[PDB]
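Only one chain comes next, encoded as structure tokens, the form deposited in one PDB entry.
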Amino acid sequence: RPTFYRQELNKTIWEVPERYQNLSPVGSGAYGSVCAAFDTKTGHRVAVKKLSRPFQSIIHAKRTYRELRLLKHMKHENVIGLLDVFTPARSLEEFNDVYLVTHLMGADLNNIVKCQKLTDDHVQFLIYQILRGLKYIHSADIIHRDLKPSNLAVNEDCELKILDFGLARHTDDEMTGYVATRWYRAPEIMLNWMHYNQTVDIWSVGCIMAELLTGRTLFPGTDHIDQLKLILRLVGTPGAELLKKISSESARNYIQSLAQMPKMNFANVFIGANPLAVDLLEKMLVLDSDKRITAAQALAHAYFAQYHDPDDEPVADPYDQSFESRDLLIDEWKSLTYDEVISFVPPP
């Protein structure tokens, strides 16, 4: 057990191993507080996140367990990894606090687009890395559910990592109105049409790729209905085949109230883009999720010929998510989490 030391950072007690020095506040959503630190064992600048109220309810205790399980599994060059996890507690009986440690991300996509100009070669490389990471995530039957530019870290060398997996977090207020929290979401999840699956993430990649190409948000809707009208103007209104897959009767009646529109010509929307980029966008931005291109199929598209290496696009170890259907008490979720903290093995 390392020695721990205590300090107060903005109204909060932090108790951390001596290896972590020069702690300085950076952020605080409703799920925790974050400090930057120097890790003297590894030489890395790191983010240290102290969870808030991790075991306050069954829903919160299960979310804490879910996040720790997911971060411990993800071992890929284009996905955020877990450097360390710790608690100052010396037993389950005194266990209350969880701290998560990752590499400090110095810039998101948004920061890079504002400070540098990108060529078509940059966009090939950025979208290639998102798809390489998604091939790995989907191979474990994990859905990210919240891909958007603020959830993509990018460095000076244009190297990219996916972060901030969807933990079933987002509230109704957060998704309301003229908000980037909704502009990258597939229409079947935005409107609760049907049981969604991993295809929702490919829609988000199409929206991100379009905005790297034009410099404009693809579907900047002022609300859910405005956004659906922008989507159907580009891709066309649904055919009988998709309408049958929409499980809500009211959702089906509403769509049938809209005048029919054909799919637009994507070469006339993405004026002057690489024809291979136009073709790949037409294969991602398909209304019927059954017919979208997959991450593994997209890596073999000719747009990525300069970067594709089928011997360097790895898949994940199997991931057991049977806990998602399990009914447990707060203290049972808390014990499972404690065991996962004490069994952590750091990366090479």
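Here, rigid core means the biggest group of C-alpha atoms that superpose within 1.5 Å across both forms. Residues carry their position along the shown sequence, with the first being 1.
Chemist: State whether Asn192, though modelled here, is left unmodelled in a third or more of the other entries compared.
Modeler: No: coordinates for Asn192 present in every compared entry.
Chemist: How about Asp172: is it missing from at least a third of the other entries compared?
Modeler: Yes, a third or more of the compared structures omit it.
Chemist: Using only C-alpha atoms and the B-factors in the entry, which stretch averages higher, 9-17 or 331-339?
Modeler: If you average the C-alpha B-factors of 9-17 and of 331-339, the larger mean comes out for 9-17.
Chemist: Tell me which stretch, 50-58 or 64-72, has the higher mean Cα B-factor listed in the entry.
Modeler: Higher of the two, by average CA B-factor, is 50-58.
Chemist: Could you check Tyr196, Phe266, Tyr99, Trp183 and tell me which one carries the biggest Cα B-factor in the deposited entry?
Modeler: Largest recorded C-alpha B-factor: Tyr196.
Chemist: Highest Cα B-factor in the deposition, which of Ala210, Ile225, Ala168, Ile202?
Modeler: Each of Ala210, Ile225, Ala168, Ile202 was compared by C-alpha B-factor; the highest is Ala168.
Chemist: For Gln297, does the deposited CA B-factor place it in the lowest, middle or highest third of the chain?
Modeler: According to the entry, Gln297 has a C-alpha B-factor in the chain's lowest third.
Chemist: Going by the CA temperature factor in the PDB record, which third of the chain does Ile255 belong to: lowest, middle or highest?
Modeler: Answer is highest: the recorded C-alpha B-factor places it there.
Chemist: Taking the entry's C-alpha B-factors for this chain, is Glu174 in the lowest, middle or highest third?
Modeler: Top third by C-alpha B-factor.
Chemist: Mind checking which third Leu276 falls in for C-alpha B-factor across the chain?
Modeler: Its C-alpha B-factor belongs to the middle third of this chain's values.
Chemist: Lowest, middle or highest third: which one holds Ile231 when the chain's residues are ordered by CA B-factor from the entry?
Modeler: Ranked within chain, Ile231 CA B lands in the lowest tercile.
Omitted here: the form deposited with a small molecule bound. The next part is about that form.
Chemist: For this chain shown on its own, do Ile130, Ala296 and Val315 all sit within 4.5 Å of the small molecule in the bound PDB entry, going by heavy atoms?
Modeler: Judged in the bound PDB entry, none of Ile130, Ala296 and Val315 sits within 4.5 Å of the small molecule.
Chemist: Though only this chain appears here, would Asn151 touch the small molecule in the bound PDB entry if you measure heavy atom gaps against 4.5 Å?
Modeler: Close contact exists here: in the bound PDB entry, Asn151 approaches the small molecule to within 4.5 Å, heavy atoms only.
Chemist: How about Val205 - does it come within 4.5 Å of the small molecule in the bound PDB entry, if we only consider non-hydrogen atoms?
Modeler: Although the small molecule is absent here, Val205 would stay clear of it in the bound PDB entry, with no heavy atoms inside 4.5 Å.
Chemist: Although the partner isn't part of this model, could you tell me whether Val179 comes within 4.5 Å of the small molecule in the bound PDB entry, counting any heavy atom of the residue?
Modeler: Result no; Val179 lies far from the small molecule in the bound PDB entry.
Chemist: Examine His301 and determine whether its closest non-hydrogen atom to the small molecule in the bound PDB entry is within 4.5 angstroms.
Modeler: Because no heavy atom of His301 falls inside 4.5 Å of the small molecule in the bound PDB entry, the answer is no.
Chemist: With the two forms superposed on the core, which of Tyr319, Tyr31, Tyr307, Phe323 shows a CA shift of 2 angstroms or more between this form and the one not shown?
Modeler: The displaced C-alpha is that of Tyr31.
Chemist: Please state whether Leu258 has a C-alpha shift of 2 Å or more between this form and the one not shown, with the rigid core used for the fit.
Modeler: Result for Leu258: no, shift under 2 Å.
Chemist: Once the core is superposed between this form and the one not shown, does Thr119 show a C-alpha displacement of at least 2 Å?
Modeler: Superposed on the core, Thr119 moves its C-alpha less than 2 Å between this form and the one not shown.
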